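Just so you know, the sequence shown maps onto residues 7 to 145 in PDB author numbering.
Every residue gets a Cβ at the ideal spot worked out from N, C-alpha and C, and that includes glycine.
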Amino acid sequence: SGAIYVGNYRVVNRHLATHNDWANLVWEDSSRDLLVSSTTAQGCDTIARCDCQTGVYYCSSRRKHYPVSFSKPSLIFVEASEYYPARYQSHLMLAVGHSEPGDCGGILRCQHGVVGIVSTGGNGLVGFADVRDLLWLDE
Ligand SMILES: NC(=O)[C@H]1CCCN(C(=O)Cc2cccc3nonc23)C1
Ligand SMILES: [Zn+2]
C-alpha cells in the first residue's frame, strides 16, 4: 500500500485503487498501473522533474529505505495476476533490490523529489511506475 499526495491529487497503483479513487477519478492508465484521483485537502509531495537513475525507495516488507540504481522508463513484460492479464507495462523502471507483493505504493525518491511508486518486483528485482512525465500534477 502507499500513495503520492501532490496538491489536489492522490497518485496510487491502479490495481490498489479504492471505490473513492474511482468516484473521484482524474486519470488512469492500465498500461502504467497508475490512477490519479482528486482530494479535498492539499498535498505537499514534490515531484522530481529530472532524468535521475539513483534514488531511495521505501520497502514495507522490511520496514526499511534502500538506495538503488534504476533503469530509464521503458516497456517491460509483466506476468498475469488477479488484477491484469500478461502484458507490457510502460513507463516502468527496474532496480536490483528487495520487494514482495504488499510493497506496491512505496515511494521512490531522488534529491529532486518523488520519482515514482513500487508497482512490480521479483527475483531480487523491484519495478517502479515513473511519475516524472506527469507535468500536470504540479499545475
Ligand atoms: N503492476 C503489475 O502488473 C503488478 C500487479 C500486482 C502483482 N504484481 C507483482 O509484481 C507482484 C509482486 C511480486 C513480487 C514482488 C513485488 N513487488 O511489488 N509487487 C510485487 C504485478
Ligand atoms: Zn532527480
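Neighbourhood of residue i by C-beta distance below 6 Å, restricted to the same chain and skipping five residues each side
| i | result |
| --- | --- |
| residue 214 | Here the chain covers residues 7 to 145 and nothing more, so residue 214 does not appear. |
| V62 | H71, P73 and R115 |
| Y64 | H71, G112 and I113 |
| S77 | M99 and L100 |
| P79 | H97, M99 and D136 |
N- and C-terminal bounds of the alpha helix (DSSP H) containing residue i
| i | result |
| --- | --- |
| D35 | Counting along the chain, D35 falls outside any alpha helix (DSSP H), though it belongs to the beta strand (DSSP E) covering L31 to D35. |
C-alpha gap between residue i and residue j, whole angstroms
| i | j | result |
| --- | --- | --- |
| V121 | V84 | 20 Å |
| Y11 | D51 | 6 Å |
| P107 | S125 | 9 Å |
| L81 | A47 | 34 Å |
| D109 | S67 | 6 Å |
| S36 | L141 | 19 Å |
| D57 | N14 | 25 Å |
| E34 | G130 | 28 Å |
| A92 | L143 | 29 Å |
| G119 | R20 | 21 Å |
| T60 | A86 | 29 Å |
| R69 | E145 | 33 Å |
| residue 151 | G127 | This structure gives no information on residue 151, because the portion of the chain shown stretches from 7 to 145. |
Beta-carbon proximity list for residue i, same chain, < 8 Å, skipping 5 on both sides
| i | result |
| --- | --- |
| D27 | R16, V18, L41 and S43 |
| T45 | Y11, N14, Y15, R16 and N30 |
Beta-carbon separation (whole angstroms), residue i vs residue j, contact threshold 8 Å
| i | j | result |
| --- | --- | --- |
| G49 | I123 | At roughly 14 Å, the Cβ-Cβ gap does not stay under 8 Å, so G49 and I123 are not in contact. |
| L22 | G111 | 6 Å |
| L98 | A135 | 6 Å |
| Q95 | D39 | 6 Å |
Boundaries of the beta strand (DSSP E) in which residue i is found, first to last residue
| i | result |
| --- | --- |
| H97 | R93 to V102 |
| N14 | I10 to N19 |
| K70 | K70 to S75 |
| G61 | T60 to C65 |
| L22 | Per DSSP, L22 belongs to no beta strand (DSSP E) and is neither H nor E. |
| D109 | Counting along the chain, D109 falls outside any beta strand (DSSP E), and DSSP gives it neither H nor E. |
Contacts around residue i, its chain only, beta-carbon distance under 7 Å, and the 5 residues preceding and following it disregarded
| i | result |
| --- | --- |
| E88 | none |
| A54 | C116, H118, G119, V120, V121 and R138 |
> For ligand 2, which residues have a Cβ under 5 Å from at least one heavy atom, in chain order?
Replying inline: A54, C56, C58, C116 and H118
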